[PDB]
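Descriptive analysis of the structure
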Amino acid sequence: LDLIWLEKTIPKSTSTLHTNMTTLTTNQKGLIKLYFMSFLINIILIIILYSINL
Amino acid sequence: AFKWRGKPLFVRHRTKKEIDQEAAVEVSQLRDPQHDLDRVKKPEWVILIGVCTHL
Amino acid sequence: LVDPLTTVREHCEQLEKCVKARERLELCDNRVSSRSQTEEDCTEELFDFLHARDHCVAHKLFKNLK
Amino acid sequence: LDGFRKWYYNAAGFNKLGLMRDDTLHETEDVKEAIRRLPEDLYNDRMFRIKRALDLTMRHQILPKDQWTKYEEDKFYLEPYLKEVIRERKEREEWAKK
Amino acid sequence: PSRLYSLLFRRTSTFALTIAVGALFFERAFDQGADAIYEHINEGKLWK
Amino acid sequence: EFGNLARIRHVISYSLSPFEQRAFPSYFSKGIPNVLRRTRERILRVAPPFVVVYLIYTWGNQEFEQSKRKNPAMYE
Amino acid sequence: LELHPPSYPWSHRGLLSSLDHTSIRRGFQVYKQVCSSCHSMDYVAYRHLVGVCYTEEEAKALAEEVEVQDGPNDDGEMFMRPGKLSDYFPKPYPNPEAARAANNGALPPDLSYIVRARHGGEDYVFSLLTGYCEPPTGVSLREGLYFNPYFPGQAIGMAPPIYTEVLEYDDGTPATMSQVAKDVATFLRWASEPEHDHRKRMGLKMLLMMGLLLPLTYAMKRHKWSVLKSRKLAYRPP
Amino acid sequence: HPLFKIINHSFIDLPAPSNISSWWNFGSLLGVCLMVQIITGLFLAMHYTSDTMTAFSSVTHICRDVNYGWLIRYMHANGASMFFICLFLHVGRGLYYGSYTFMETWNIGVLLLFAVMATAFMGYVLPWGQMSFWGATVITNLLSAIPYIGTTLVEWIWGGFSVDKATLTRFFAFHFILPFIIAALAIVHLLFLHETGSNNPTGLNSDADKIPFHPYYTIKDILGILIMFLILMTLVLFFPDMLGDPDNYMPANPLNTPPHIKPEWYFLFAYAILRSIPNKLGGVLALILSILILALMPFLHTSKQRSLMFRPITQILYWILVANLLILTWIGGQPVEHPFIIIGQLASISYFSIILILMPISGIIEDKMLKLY
Amino acid sequence: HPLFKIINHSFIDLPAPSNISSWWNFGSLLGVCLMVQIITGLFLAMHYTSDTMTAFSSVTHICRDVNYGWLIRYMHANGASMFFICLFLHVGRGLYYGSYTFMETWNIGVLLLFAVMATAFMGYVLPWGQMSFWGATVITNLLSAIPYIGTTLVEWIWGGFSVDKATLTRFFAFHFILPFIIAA
Amino acid sequence: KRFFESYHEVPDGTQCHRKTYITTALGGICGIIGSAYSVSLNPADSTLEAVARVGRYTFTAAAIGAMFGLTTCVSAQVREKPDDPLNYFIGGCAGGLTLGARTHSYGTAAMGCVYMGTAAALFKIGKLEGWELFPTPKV
Amino acid sequence: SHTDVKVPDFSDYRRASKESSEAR
Ligand code: HEC
Ligand code: HEM
Ligand code: HEM
Ligand code: HEM
């Protein structure tokens, strides 16, 4: 319960949750086309966020 | 009720509305092809076996 | 001689959930009465209130009774 | 389509219990005939495979994964023979109509 | 205990004999016990 | 009957006496894993029909109630 | 469309909870003094009580309380005998018509199996007897009717029979309408199943015997089946 | 010894498959249930009187003064319910594992199923309650469907213009006599099976692995008998009225009719189908087919694998079939009103389309996936 | 065919002695009589009521109001008499020609004879006439002869202090159920 | 939009069908958006491969949506408590489990259960206590 | 031949010998 279970649950898990989240968000091609379309997606969603909450 | 011949006999009487409006059923309006009054010598007194034909 | 039921029905009605229901029914009552040519009755409305009240009474009546 | 197939394969499970497709063909009259014609080795092998399966089912257990059949390894031992049984069977039938 | 097996189970007839005797007594105990348990369970609600 | 049932060859079969083996060896030791192993392999084939039976049953009940519900416009 | 009586925490409800048998005593008193004027407990005879809530001699007392005339007589077409232990409870309105005559043509159903015959009977009974509330707007019950939200149609010919302090319990327990409805629901229940208590004792013995016997038979099966379940097969082509 | 030859061979050394699961217990349970029913029925027959005059009372006396008579009566009723539970699970085992290819055994089975349903129907008529009388009239009138042969036939069974004492007494005679015919048909059922031996859940030829029955599938049947006895008694001694109906505790009134009438649980799936078809005759026929579709089942097997252990698409279709069988059981209970009706109509359409159309097409597709077709 | 094989094995290709006389017919007659009794008994059971108030009334209703009910009732009674005639001649054939050396067949036979006598006794009790009631009391009393457990046994069977409705109904159940055991 | 809102209007634990449908849609919508960002950036190799990923993400998200909706609604009816935040937690608990399965990882199910359920529970509390999110400036 | 292999290890199954024979 000390060491592994109380270190894998609270202290270590929070370590992993983030580590993994940075790995996906920061693995970027660096190509402009990809990045830009993401700008496209954003414009679309924000257009909607206004639209539906008109 | 009289249960004649086992079948609970239904010898029923009808109210003014039943006695009179029954004929208003026309024919197409009537699901079956029968005639309301041809079912009763006297409209007020309606006599029937007393068993819905549905089984 | 206070019938435990009487008291229980009091507390139960005092339950807010139940309170709201009664209101609805009364609206129906007056609405029904106010409406002139109609046949709708508050029986269904009455029914709903009872279910709740009874359920509540169910929770607290048996024990009260001896 | 291989993906589908292999997938279905794992789904069917006959692989888990160490049994090739053929091992799982109902013994209809024809299948039975082909079975007989099987060279003895395949026959004896077929038998152990089937007997093994039965034992495992008895314990509601499956073979260790490694021992599982592989979509690729699976060979159809009876197929070549069965066709013949069907072919011969049909020939006799048409001739009957003659 | 080997004694049990050697004396009570070894001979098939004894195996039955012991069962027979046991049955003769089991009823008494089980009945009374369950009765009381039941009695206790429904300690106040009964004819008495 | 036995003796004429089938023809097998070279299949050796070892076994042990009942009284020489524990009654429920590793019962809960592997039983649980196995039962769980089993449930996985069959839950996706078995459960979703009964899940949609539960949804249809509830739906029917609620729909029926609403059906019984009085039209506000009724008799007004 | 009917009000569905709620679940009351009836004592006997418990898996091994027998009927009070003290309450019943009260309930019957309720049937004898109130419900027996219209309803007939045809299938319950004085003797039945002995062993539940009245002792042999005690029951004899009650049996004699009422009078029972049997037609067979040497010359007479009847002879009146105070009820004997064997006599069944006295049904009023000998012919149902009698009942209909006086009950607005509504036959008081025998309350012998009423609890068993009515869906959720024990509750229904309690609810009906205690559900005599105010009729709502728009309702137009026919002559000789009353309003109970539970009764099918909410139009039961039976007028409300339990007014607080309708009868006095010999035990002295306050005779509040409810205390009376709960007692008569327990009694009617007993009536519809005089064996309720005996059975539950059989069920307790059955659960104890099955808890003893199921793992032992499972152990015998797993003994005999271990042999195979350990069998190791090996294929040794030459 | 001639008898022992029959005995040992049939009950002790019957080479049985080593890997059959607990589902194969159920048929033996059915036989035990049959004996239990017969035994309890015999002890109901020493005090029951078919007279419409004393029927209700006869039964009342059975549950009131007959020593332990309530025990035998509720054991009989809940044993009929246990019989139908074990029967449905036996039929489901036969459908799932491809055991219908034993065609003679399957046909003797569906004959046994028809006989058991008729026996249970007339037995439920026998206590002469409110629910029994209206139930009898109702599907008896069902027989009144046939245009030229039906009407007379109905009154023939009714033995009069309408069900009355004439019926009760002949229903007592027929309900007495049919379980012995069921026992003889079960002996024929066992014979037509030993010629071929039992099937195994893998659906393969189990001739390489067979074991005796005395020490391996006897103690297993004894354990299954013990578990089935636990469920029956705990459905008699603790929940005795769970499966029954309250309106059957009222005497039979021809002048009144129970407001909410329903067949017992087991006969509902059929009830739903009957109600679903608009045409009376159509309903009767579909109803019959509902049971008969099973007999038709061995001619619909288009797969090269006997069992469904290695057939996942047909497993999904089978569990959808069990699902809408449960749906049809629920609908029968529900009254006639939206939307219970539509479900009933669909559920019946889906039931007949899954058994008739979807399973052989799925078996063809499954054979195509294994490069067999 | 596994159902037709037994039928062939017992009735068609069964090797029988060529010189057996007409006495060997009688056992087959007994089987036919058994069926006949069962069939007639079934058609008595659709109208008979096993209540002491209504048993004689139900028998008279069978004879007077059921279409050809007198025919089925007197066929049942005289078929019981024909059953015992054929049974006595079957036993006499077995005694005369030394057929008792088939010992298992003979013992199953004497068990069948005991069962048939018990069935006929309770069936004769069933119409609840004057003669049936006094006959029942008499033979039931026979049991009381038992040295120690006699009284109990008699009372058990009677189901009460003296034969009364309790008996009639259980005698109807036993008389119904024993001819199927006789068939087995 | 009048649609999604409906989820809240009818009391919780009631009309689960609509609840599950609505919850499933939201998850699915998120699936599409999520897949979109996942395809726009970190692109695929072939159009089909990406169509698949859209599907995968959409379904997984739709599933978490459904089980959340179903579990919470049912947990309510069964428990006979419509405003007990726990209901939602059980629901979120389930939702996480679906995610865990679709990712074939017991561990994810762990974090998924706790984190996801907690979040959903907080939503219930939020609604119960009238917490305001993205509030207008009222200073 | 026969000697190629030995009885597979049933220890896992084997319980924990006439002294114990009666006991077992
Ligand atoms: C002095 C008259 C009278 C008394 C006292 C009385 N009843 Fe009744 N009861 C009736 C009549 C009349 C009916 C027939 C009403 C009908 O069928 O609509 C009736 C019908 C009933 C029914 C049938 C309801 C149904 O579901 O159809 C129940 C239950 C019942 N009574 C219970 C009781 C109980 C319980 C008590 C007392 C503990 C009681 N009654 C006392 C006159 C009485
Ligand atoms: C030959 C053996 C049998 C006899 C003598 C027998 C006898 C009886 C008798 C006398 C009754 C009326 C008791 C009553 O219902 O109150 C009865 C009822 C009944 N029997 Fe049978 N029976 C036999 C076999 C069966 C079998 C095999 C079944 C199942 C298929 C069955 C199902 C029923 C049912 C359902 C009832 C009605 C239970 C109820 O009252 O609700 N019986 N039986
Ligand atoms: C109550 C009536 C029935 C009884 C008593 C009965 C009894 C049995 C018994 C004892 C067996 C031996 C194998 C076993 O039990 O698992 C068996 C096999 C079988 N029965 Fe039934 N059965 C009945 C009704 C049916 C019905 C209605 C069907 C068809 C749906 C059916 C289909 C089968 C099949 C296919 C087998 C062979 C299964 C196998 O051994 O692999 N039976 N039956
Ligand atoms: C299962 C088959 C049988 C049934 C259902 C049956 C049924 C009945 C019934 C209902 C009665 C009373 C009404 C009457 O027949 O007079 C009766 C009477 C009788 N039965 Fe049977 N029986 C059967 C078999 C037999 C057999 C095999 C015998 C011959 C041993 C037998 C001998 C009699 C006799 C002697 C009477 C009295 C006839 C009389 O009233 O004068 N029955 N049987």
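Residues numbered from 1 in each chain as written, not as in the entry; some residues may be left out. Chains lettered and ligands numbered in written order. Part of a larger assembly, values for the part shown. Heavy atoms only, no water.

Some points on the coordination of the iron atom of ligand 4
Residues and elements named next belong to chain I. The coordination sphere of the iron atom of ligand 4, as far as protein atoms go, consists of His76 (NE2) and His175 (NE2), spread over 2.0 to 2.1 Å. If you look at the iron atom of ligand 4, its 6 donor atoms make angles of 84 to 178 degrees with each other, and the shape they trace is octahedral. Of this pair, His76 sits in helix α4 (residues 69–96) while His175 sits in helix α8 (residues 165–183); the two residues are 99 residues apart in sequence, bridging distant segments of the chain. On the basis of relative accessible area, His76 is assigned to the buried category, the value being 18%. Accessibility expressed as a relative area gives 18% for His175, which makes it buried. (Donors = N, O, S within 2.8 Å, 3.2 Å for Na, K, Ca; no water. Tetrahedral: all angles 85-135°; square planar, octahedral: opposite > 155°, others 65-115°. Helix = DSSP H or I, 4+ residues; strand = E, 2+ residues; numbered from the N terminus. Buried < 20%, exposed > 50% of the residue type's maximum accessible area, 1.4 Å probe, protein only.)

Remarks on the site of ligand 3
Residues and elements named next belong to chain H. In the vicinity of ligand 3 lie 18 residues, with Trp24, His90, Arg93, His189 and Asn199 positioned nearest. Contact distances for ligand 3 include 2.9 Å between an oxygen atom and a backbone N or O atom of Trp24. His90 places a side-chain nitrogen or oxygen 2.8 Å from a nitrogen atom of ligand 3. Looking at the shell around ligand 3, the elements that each hand over two or more residues are α2 (26–45), α4 (69–96), α5 (103–125) and α8 (165–194). Per-element accounting of the shell around ligand 3 gives the leading share, 5 residues, to α4. (Near = heavy atom within 4 Å. Polar contact = N/O pair within 3.5 Å; in protein donor to acceptor, adjacent residues only side chain to side chain.)

Some thoughts on the side chain of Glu195 of chain G
Here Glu195 of chain G lies in the loop between α7 (177–192) and α8 (196–230). Residues within four places of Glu195 of chain G in sequence aside, it is in contact with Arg116 of chain G together with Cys63 and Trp70 of chain H. (Contact = heavy atoms within 4.5 Å.)

Thoughts on the interface of chain F and chain H
Counting residues at the interface gives 20 residues for chain F and 27 residues for chain H. A combined buried area of about 1,900 Å² lies between chain F and chain H, and 76% of that area is made up of carbon and sulfur atoms. Among the residues of chain F in contact with chain H, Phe2, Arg45 and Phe64 of chain F are the three that bury the most area, contributing 30% of the side total. Our enumeration of links across chain F and chain H arrives at 0 salt bridges. Between chain F and chain H we count 3 residue pairs in polar contact in total. (Buried area = accessible area lost by both parts, 1.4 Å probe. Salt bridge = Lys/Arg side-chain N within 4 Å of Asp/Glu carboxyl O.)

A few points about the environment of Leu204 of chain G
Looking at where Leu204 of chain G falls in the secondary structure, it is placed in helix α8. A residue is classified by how much of its surface remains accessible, and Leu204 of chain G, at 8% relative accessible area, is buried. When the C-alpha positions of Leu204 of chain G and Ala61 of chain G are compared, they lie 35 Å apart, and in sequence the two are 143 residues distant. If we skip the residues at most four places from it in the chain, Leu204 of chain G touches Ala34, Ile37 and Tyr38 of chain E, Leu16 of chain G together with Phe238 of chain H.

Topic: the environment of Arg170 of chain I
Within the element layout of this structure, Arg170 of chain I appears in helix α8. As a C-alpha pair, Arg170 of chain I and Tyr97 of chain I span 73 residues in sequence and 40 Å in three-dimensional space. Excluding its chain neighbours within four sequence positions, the residues that come into contact with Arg170 of chain I are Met46 and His47 of chain H together with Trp156, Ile157, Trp158 and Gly159 of chain I. In this structure the side chain of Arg170 of chain I is engaged in a polar contact, spanning 3.1 Å, whose partner is the backbone oxygen of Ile157 of chain I.

What to know about the UniProt feature "disulfide bond" in chain C
All names here are of chain C. The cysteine pair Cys12 and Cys56, annotated by UniProt as disulfide-bonded, shows a sulfur separation of 2.0 Å, below the 2.5 Å cut-off, so the bond is present here. Linking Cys12 in helix α1 (residues 4–14) with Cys56 in helix α3 (residues 43–64), this pair joins segments that are 44 residues apart in sequence. Here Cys12 matches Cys56 in class, with each residue buried. Sulfur atoms of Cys28 and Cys42, annotated by UniProt as disulfide partners, sit 2.0 Å apart, under the 2.5 Å cut-off for a formed bond. Residue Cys28 is located in helix α2 (residues 16–34), and its partner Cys42 is located in the loop between α2 and α3; the two are separated by 14 residues in the primary sequence. (Disulfide = S-S within 2.5 Å. UniProt positions renumbered as here; feature names shortened; annotations may be inferred.)

Description of the interface of chain G and chain H
Between chain G and chain H, the residue contacts involve 39 residues of the former and 38 residues of the latter. Contact with chain H buries surface across chain G, with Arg116, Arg199 and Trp225 of chain G losing the most and accounting together for 20% of the total. The closest approach of N and O atoms between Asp209 of chain H and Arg231 of chain G, which form a salt bridge, is 2.7 Å. Inspection of the chain G/chain H interface yields 12 residue pairs in polar contact.

Brief notes about the site of ligand 1
Residue and element names in this part refer to chain G. Residues in close proximity to ligand 1 total 23 residues, the closest being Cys35, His39, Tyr124, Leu129 and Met158. Between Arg118 and ligand 1, the recorded distance is 2.8 Å, taken from a side-chain N or O atom to an oxygen atom. At a separation of 2.7 Å, an oxygen atom of ligand 1 approaches a polar side-chain atom of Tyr124. Listed by contribution, the elements that provide at least two residues to the shell around ligand 1 are α6 (121–129) and α7. In terms of residues, the shell around ligand 1 owes the most to one element, α6, which gives 4 residues.

Remarks on the coordination of the iron atom of ligand 3
All names here are of chain H. Protein-derived ligands of the iron atom of ligand 3 are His90 (NE2) and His189 (NE2), with the metal-ligand distances lying across 2.1 to 2.2 Å. If you look at the iron atom of ligand 3, its 6 donor atoms make angles of 81 to 177 degrees with each other, and the shape they trace is octahedral. Pair noted here: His90 is in helix α4 and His189 is in helix α8, with a separation of 99 residues, a long-range link.

Focus on helix α9 (residues 218–238) of chain H
End to end, α9 of chain H covers 29 Å across 21 residues, agreeing with the expected 30 Å (1.5 Å per residue, within 8%). Those residues of α9 of chain H that sit buried are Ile219, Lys220, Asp221, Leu223, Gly224, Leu226, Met228, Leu232, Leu235, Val236, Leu237 and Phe238 of chain H. In this fold, the buried residues of α9 of chain H make contact with α8 of chain G together with α2 and α4 of chain H. (Expected span 1.5 Å × (residues − 1).)

Digging into helix α2 (residues 29–37) of chain D
Residues and elements named next belong to chain D. Within α2, the full set of buried residues consists of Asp30, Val31, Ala34 and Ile35. Buried residues of α2, seen end-on, are gathered within an arc of 140 degrees and therefore sit on one face of the element. When the buried face of α2 is taken as reference, the exposed residues oriented beyond 90 degrees from it are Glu29 and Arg36. The inward-facing, buried residues of α2 abut α3 (40–58) and α4 (79–97). (Arc of directions from axis to C-beta.)

With respect to the arrangement of the chains
The chain pair with the greatest number of contacts, out of 16 pairs of chains in contact, is formed by chains G and H. What separates chain B from chain K at the closest point of their C-alpha atoms is a distance of 64 Å, and the two make no contact. Without any contact between them, chain D and chain K keep their closest C-alpha atoms 14 Å apart.

Digging into the packing of helix α2 (residues 32–52) of chain A against helix α2 (residues 16–40) of chain J
Packing of α2 of chain A against α2 of chain J leaves a shortest axis separation of 8 Å and a crossing angle of 160 degrees. When the interaxial angle is binned, α2 of chain A and α2 of chain J end up roughly antiparallel. Crossing of α2 of chain A over α2 of chain J shows right-handed handedness. For the pair α2 of chain A and α2 of chain J, contact is made by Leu34, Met37, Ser38, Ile41, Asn42 and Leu45 of chain A and by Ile33, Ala36, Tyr37 and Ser40 of chain J, respectively. Here the contact of α2 of chain A with α2 of chain J is composed, by residue class, of 7 nonpolar, 3 polar and no charged. (Axes fitted to C-alpha atoms, helices over the stretch in contact; angles between N-to-C directions. Parallel < 35°, antiparallel > 145°, perpendicular 65-115°, else oblique. Left-handed = near helix turned anticlockwise from the far one by under 90°. Nonpolar A, V, L, I, M, F, W, Y, C, P; charged D, E, K, R; others polar.)

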